[PDB]
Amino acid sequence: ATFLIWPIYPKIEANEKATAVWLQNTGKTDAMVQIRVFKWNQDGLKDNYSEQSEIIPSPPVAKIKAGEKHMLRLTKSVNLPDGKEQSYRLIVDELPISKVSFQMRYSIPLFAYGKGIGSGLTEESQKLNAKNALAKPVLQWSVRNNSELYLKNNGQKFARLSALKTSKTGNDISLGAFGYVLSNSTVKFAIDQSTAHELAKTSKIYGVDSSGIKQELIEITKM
């Protein structure tokens, strides 16, 4: 199955009841998909998923013929807690309908907002976030072996990190599996020894973050 998926970063702002994600089967063969939304949390220092009724997708199953563009509706059931960002994964499963074959699962992030906070991907939500001190990721870092890097987000917005730097104008350091540090969450992940010691010779390090409109550097404080 071949799918175009748009947007790859959907969100549901506070004053919205619903958003849409488009799935077009750009293949020559029909496909069937199961569509599900899971609550997403990083407790236990690892990504967890669970059943959820805060956001309901429609339809939950769909046949999408070759060339066909289907609209997923994603409905916020009731208002979400004030000032908070809720995190989810939207999951699309291709249903099957010496040779090994392939069966795709696509998983995209989905964020929804309560009053006082927004995605910052629009003017409205930008002005909302300007008046809110914590409408942003606020990151702290710490290394500890048994070498693992811990990242704690004190902000109310997730960070999406592609790289770490020891300085604003420096180069991104080694890092031979990490990206999302959800709001009010702390994530833990493995790093090389050389990485750990390199972080040891400093106290402020920097994330390349793409949660907002543009890529931007954010500062990470030592715990």
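Note that residue numbering follows the sequence shown and begins at 1.
Q: Taking the other compared entries of this protein, do a third or more of them lack coordinates for residue 200?
A: Yes, residue 200 lacks coordinates in at least a third of the other entries compared.
Q: Would you please confirm whether residue 172 lacks atomic coordinates in a third or more of the other entries that were compared?
A: Residue status for residue 172: gap in at least one third of the other entries.
Q: Which fits the stretch between residue 133 and residue 134: none, 1 to 3, 4 to 9, or 10 or more deposited residues lacking coordinates?
A: Unmodelled stretch: none, continuous chain.
Q: Checking chain continuity here. Are there deposited residues lacking coordinates between residue 146 and residue 147, and if so is it 1 to 3, 4 to 9, or 10 or more (or none)?
A: Per the record, 4 to 9 deposited residues are absent between residue 146 and residue 147.
Q: Comparing 31 to 39 with 155 to 163, where is the mean C-alpha B-factor higher?
A: Of 155 to 163 and 31 to 39, the stretch with the higher C-alpha B-factor average is 155 to 163.
Q: If you take the mean CA temperature factor per stretch, which one wins between 210 to 218 and 6 to 14?
A: Comparing averages over the C-alpha atoms only gives 210 to 218.
Q: Which has the highest CA B-factor per the PDB entry: 48, 174, 169, 53?
A: In this record, 174 carries the highest C-alpha B-factor of the candidates.
Q: Taking the Cα B-factors listed in the entry, which of 66, 181, 196, 61 comes out highest?
A: Highest C-alpha B-factor among the listed residues goes to 196.
Q: Split into thirds by Cα B-factor across the chain's modelled residues, where does residue 125 land: lowest, middle or highest?
A: For residue 125, the deposited C-alpha B-factor lands in the middle third.
Q: C-alpha B factor of residue 138, ranked within the chain: lowest, middle or highest third?
A: Middle third of the chain for residue 138's C-alpha B-factor.
Q: Should residue 109 be placed in the lowest, middle or highest third of its chain by the C-alpha B factor in the entry?
A: Answer is lowest: the recorded C-alpha B-factor places it there.
Q: Which third, lowest, middle or highest, does the C-alpha temperature factor of residue 89 belong to within its own chain?
A: Tercile = lowest for this residue's CA B-factor.
Q: Which third, lowest, middle or highest, does the C-alpha temperature factor of residue 80 belong to within its own chain?
A: Answer is middle: the recorded C-alpha B-factor places it there.
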